[PDB]
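First, one chain by itself: the form deposited in one PDB entry, in structure tokens.
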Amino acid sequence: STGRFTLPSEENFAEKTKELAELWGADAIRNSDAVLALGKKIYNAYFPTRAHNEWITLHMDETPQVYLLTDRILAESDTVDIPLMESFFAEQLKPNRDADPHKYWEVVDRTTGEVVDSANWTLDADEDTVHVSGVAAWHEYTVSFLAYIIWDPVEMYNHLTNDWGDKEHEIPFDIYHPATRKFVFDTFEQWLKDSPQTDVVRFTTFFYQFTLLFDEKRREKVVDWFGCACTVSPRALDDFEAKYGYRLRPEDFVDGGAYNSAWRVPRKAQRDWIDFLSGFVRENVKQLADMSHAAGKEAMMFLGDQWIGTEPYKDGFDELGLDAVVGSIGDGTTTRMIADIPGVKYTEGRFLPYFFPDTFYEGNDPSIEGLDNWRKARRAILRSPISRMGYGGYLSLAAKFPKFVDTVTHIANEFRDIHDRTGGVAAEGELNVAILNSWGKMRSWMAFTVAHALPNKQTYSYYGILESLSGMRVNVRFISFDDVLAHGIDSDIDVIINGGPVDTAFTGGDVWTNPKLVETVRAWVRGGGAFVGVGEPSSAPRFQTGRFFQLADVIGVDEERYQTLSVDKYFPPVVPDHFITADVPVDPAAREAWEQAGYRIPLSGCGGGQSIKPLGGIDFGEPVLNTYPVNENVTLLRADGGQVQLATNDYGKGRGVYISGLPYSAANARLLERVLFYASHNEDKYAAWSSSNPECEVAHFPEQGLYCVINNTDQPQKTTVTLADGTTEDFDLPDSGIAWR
């Protein structure tokens, strides 16, 4: 096979480019920032807001800008001096002294939340320090100040990662300003004329870079892949005031030091700013796409970098007329972020690892992550196909890693074989599952992300929900509390999942104190709905003394918040042999120890029924302390260490399930899959197209008269598939393998 593969080229590397193009079956080449001779489709990456220092050096007040929050400084008398730049990278960020600081900045008493009157502070003429007087001693104070971004965040990251030393730093520019906007469009018009051979303009990306701010030690300081920090200017702020009827505070951006993280329950000012920016971004993206098209070229957008304000999952994205979106793939969730976008002709995955020396260094084996990423993306692709794949970075760097080079040959062949055999259509999905949160559709597959593709200690127990779902045999949608409150719950939905910690966009915050939301979900489950809550689902703090999870009644579990310690909690015996946990292997010795130690007997002020030893066997990630069964009719499936990890509760005709956390693994995907079939009273439907081995999965393509079976592990796996007729069929899959039937 050949094709559906983009190769990155490099100058003075003609022979090996040609050799790798042949080896990997490349049908497009993405040129550096014999490619003509190969006669493949040509992509040129285009950088609308950088790569022209000779422009922006003449117009330095037109760089993009950001509100920055200083460290908190303690007043030891009725005065404080606050250094502006001590905690920031001075090669990236410069305080804006041009735009009246008393109009644009804010000094805040963080101990009280009060804005300090601008009459009480002065900016030092000679150093980046604000002097404050007439304030309370023993409070903490900060400045929120406008800063110019004098180094493109991503180009800077590239420089630092590659140790480019004294190579000139690229200064970014902001097309909000008419001079720069005219420059960008004029320059693009000429580039088009000067680039007759380019087939695809790969905009990498457009106008506003996601929040990416570095510190005084040259480390990342603040990151949010969705963040709008790097999008302000005196002019845009003043224009916003005229258009929206109110003036944004610096606080509306720095957000008490949260910088409007996507995890924060979204505020109207955030939504308004997104609306303001997107109208402007989309208008200008449309013009770039129209120019590309008139020049006989395709317009392709990278899902990342300067993608702020594009909103690929908001209505109207299709009207931009972008031909394609290409995105970074490191797993199934990030695959689906790209694959599910409706408004384009085709999609492309640029697989991790990027060809940079942070991964490609002597002693490291990149083929391991390479194939791990593929296994995770592969299951997602079977559920929602992407048209094309490829890689990025220095081809000469990857070329020196023969094992990885072989791994890419394997992946590329298998990608093509999957497309060829499936005809590029999605596998048949078996249940309709809706993730409910504050954002809904606009953040499809985007819940729980902070840095793209990089879940961490704080997030992985929830990101694992999406990762499991990304390659699972169900149909997944993303809905918001606004949707549910305006329209109820759609009659085709089988299961609603609500997951995350308390007081976030993902659980929903005080929306759970809205009686109409509680009524809607309760009535729907009672009628045969299924509600799966993960971590602190439906949580609303200090609304009811005795109830933290507002839907504790549904899922059978609440979290003790140290207000109800007088109330003895009684745990019913765990049911170790249950549909949901059927695929969990428990060590015989572990199960014996659990059986032998028994359950706590009631003791004053200590409740009773908790297992003295754990049953274990499931990685539930981060604990939720002191979860407990609300009554003895809930079924406990895991309740180790004196609290609950896993429970199911009958609620009228439907069911609630509680999961304390769910990091991704093949086994946990199976656990969640059993949860969805069980909670919706569809246990009967599970058998058809199931894999006996928990670490393998099946994808059924009725149209092609076909099914495949994938091994989700780097180990050999034997498995038995059950067809819809009842008959079984056996497989012996090698490491990371696939078979078709």
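In this text, the rigid core denotes the largest set of C-alpha atoms whose superposition between the two forms falls within 1.5 Å. The first residue of the sequence shown is number 1, and the count goes up from there.
There is also a form deposited in another entry; it is not shown, and the following applies to it.
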| property | result |
| --- | --- |
| Conformational change between the shown form and the other one, one of 400, 591, 271, 97, C-alpha moving 2 Å or more after core fit | 400 |
| Core-superposed comparison between the shown form and the other one, residue 371 Cα displacement 2 Å or beyond | yes |
| Cα displacement of residue 17 between the shown form and the other one reaching 2 Å, rigid core superposed | yes |
| Did residue 106 shift 2 Å or more between the shown form and the other one, C-alpha, core superposed | no |
